[PDB]
């Protein structure tokens, strides 16, 4: 795990959209609580570029690849002490049997943006804000 100078854990994530119209986004199930949804993402490795970490974590957690788009922003979770670079990713490859599917049975699902914001709100309000 890696950290900013203030001790916040460094993370990266993508908003994995179905298309360039950015109407449908891919969430993945929580590892702790499989009945809940999150935005896929995770820790940056040492010296790892945030865009590289984002794409790698989406591949591991969600089993997708695509065309990397713009940095949306950098988002803090004060409560959990982490700070997340969030990028747009336009999905072009949907893989079966990806890392977390095989290892922890992680699920994924497409959501209209409105619905994504809805299911994120309760446990992951900072993640809901990614879409603002």
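Numbering follows the first chain given and starts at 1.
- Of the two stretches examined, 103 to 111 and 66 to 74, the record assigns the greater average C-alpha temperature factor to 103 to 111.
- The stretch with the higher mean CA B factor, choosing between 112 to 120 and 9 to 17, is 112 to 120.
- Among the modelled residues of its chain, residue 43 has a C-alpha B-factor that falls in the lowest third, as given in the PDB entry.
- Ranked by C-alpha B-factor against the other modelled residues of its chain, residue 60 falls in the middle third.
- Per-chain ranking of the deposited C-alpha B factor places residue 98 in the highest third.
- When all modelled residues of the chain are sorted by CA temperature factor, residue 51 is found within the middle third.
- Per-chain ranking of the deposited C-alpha B factor places residue 84 in the lowest third.
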